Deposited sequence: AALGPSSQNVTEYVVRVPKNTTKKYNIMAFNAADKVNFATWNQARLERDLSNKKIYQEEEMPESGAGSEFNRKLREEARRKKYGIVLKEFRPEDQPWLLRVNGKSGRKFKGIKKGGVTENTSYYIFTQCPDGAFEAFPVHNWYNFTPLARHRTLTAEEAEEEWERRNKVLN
């Protein structure tokens, strides 16, 4: 098309060797997150729900059994779907809760393209995508 154009080209590698999983940590623009202010940070799985009980429901005429019977269950602990807790700059700093995004797959998936020392790009699949928001927004 154009008589002249400036072009940049990069070799792309897709490693199979990866002892690392790549994830997305997303912040809402409204929370105005600025990394320059981050001096230190901790990121740990929040296991608070592990010991939280929930009420689960378990001859008479059905219309005579309006009052149902309930028990309590200690759900299956999947540390994978437990949210993340991000704590920035000690006890007096900001805190965010990370929740996994779930509008799950179709015929595509996301990849992270990162540049390497030799100039090539290496592409890695996104393992999980988390939306992080101030702990104060969670109840």
### Summary
According to the entry, C-alpha coordinates are missing for deposited residues 1-3, 62-71, 153-171
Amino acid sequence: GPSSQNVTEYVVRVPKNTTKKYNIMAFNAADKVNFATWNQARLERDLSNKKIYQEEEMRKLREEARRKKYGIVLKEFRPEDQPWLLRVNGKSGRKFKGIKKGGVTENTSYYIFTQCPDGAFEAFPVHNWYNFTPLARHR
From here on, numbers count along this sequence of modelled residues.
### Query
Which is higher on average in the deposited entry, the C-alpha temperature factors of 68-76 or of 105-113?
68-76
### Task
On mean C-alpha B-factor from the PDB entry, just flag whether 123-131 or 17-25 is the higher one.
17-25
## Note on the structure
Listed options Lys97, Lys51, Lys100, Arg42: highest C-alpha B factor recorded at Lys51
### Query
Split the chain's modelled residues into thirds by Cα B-factor; is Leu85 in the lowest, middle or highest one?
lowest
